[PDB]
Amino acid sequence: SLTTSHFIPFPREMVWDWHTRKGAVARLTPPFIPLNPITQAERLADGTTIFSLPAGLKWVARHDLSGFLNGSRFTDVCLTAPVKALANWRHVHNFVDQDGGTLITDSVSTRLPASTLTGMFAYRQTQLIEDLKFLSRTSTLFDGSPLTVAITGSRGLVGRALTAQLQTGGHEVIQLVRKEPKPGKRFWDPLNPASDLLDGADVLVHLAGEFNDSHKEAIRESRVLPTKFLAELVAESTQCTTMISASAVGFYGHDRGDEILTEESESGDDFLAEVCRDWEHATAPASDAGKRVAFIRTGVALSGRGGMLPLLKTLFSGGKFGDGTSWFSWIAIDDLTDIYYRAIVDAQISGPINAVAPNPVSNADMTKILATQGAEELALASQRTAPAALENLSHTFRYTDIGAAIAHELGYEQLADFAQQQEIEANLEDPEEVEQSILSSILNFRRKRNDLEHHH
């Protein structure tokens, strides 16, 4: 079906290690395919992983012992066919040393045409490399010892991605959940949190939550009071050093025209701004007790699997809103979790942080780009936000341009092997055949690299 290789500029021991951790499967699952891992296979050698599919269906993936070599290879297999496309699936993941880094070869046996798998693999490759680079940059910011991080909203869009990232980084997550707690998780009653809710945690990340003054009480009860009660627990804890609390660019108001909004800019003048001021001020007990507090004023998070992006993408099955001059304050979901992750470990981060890409765009421009349930009214907001505080810290963003963020999230990226990509833009394999395909793919990579070396 498809064999293709990509180089990762990190030691094979580190790269392999990353794949063995909780969260790794979630990180590499493409957001633009309605598949989501609901369980964690203990080990790469054997053991099964359950994926949710649409319409209550499920995919049961299994690691194949016969396709395992410690530190070099693991293999995913499916024996049952929830859908024809996802059946008779055999995915070999091969890792070799390559100039001090790692050369990964993926070989999937399946009747799906290679053209069907290009997007999936481009995502797996970019996501892996960006994740490892992020961890590497971040290692410069702290001692690198694992932390324990309590998280609310750990099941939501951002929380689930952040949780998986922390776990692949070797940190421990204590999920504070509002219902159906699993072992090792803790029940969180927002209006009456347990005295011992934060025990064992070094950091609290408060993400829980999803504009007329008619909503005031409802918001006070869901956002403001729970935030305060958590802040008090942070205050009371000797081990909890830090509260990273979700906020929103809505702090600046829904509409500031062409004014460039920085963490220095005043709060807005509408009810949205008031809600956000109160939401942030509810953390006061934590900072009063001398703990580190930051407010992650988030733009609109762009994700292939939820939130506004898929809704927008659909509204082109619409058109520019009014002037088209409304400023769309956006951030790629991976950049948002990077910012949370950094805030957790980097003591330089405190106070308000604009978690937005460096480049906000006009409604008119967003409209063009999307061609080349609340979504329809996004253009009613206009927030020309700048991530000034992050830029001042020399933060690296994965996606500075919205076109590049969208390509990543909706699956329009190219295979690392550009030539192969180009060729595909023009049958199952048995084990013996698979070995040959893999060896050949490795040889191809090396022949090209050697040629490149000679050309300088």
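All residue numbers refer to positions in the sequence shown, first residue = 1.
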Would you class the number of unmodelled deposited residues between residue 372 and residue 373 as none, 1 to 3, 4 to 9, or 10 or more?
10 or more
Given 162-170 and 188-196, the range whose Cα B-factors average higher in the PDB entry:
188-196
For 60-68 versus 26-34, entry-based mean Cα B-factors point to 60-68
Based on what the PDB entry reports, which of 240, 83, 132, 276 has the top C-alpha B-factor?
83
Highest recorded C-alpha temperature factor, please, choosing from 44, 390, 419, 405.
419
Would you mind checking where the Cα B-factor of residue 268 ranks among the modelled residues of its chain, as the lowest, middle or highest third?
lowest
Could you say whether, by C-alpha temperature factor, residue 384 belongs to the lowest, middle or highest third of its chain?
lowest
Rank-wise, by C-alpha B-factor, drop residue 178 into the lowest, middle or highest third of its chain.
middle
If you rank every modelled residue in this chain by C-alpha B factor, which third holds residue 327: lowest, middle or highest?
middle
Looking at the C-alpha B-factor of residue 295, is it in the lowest, middle or highest third of its chain?
lowest
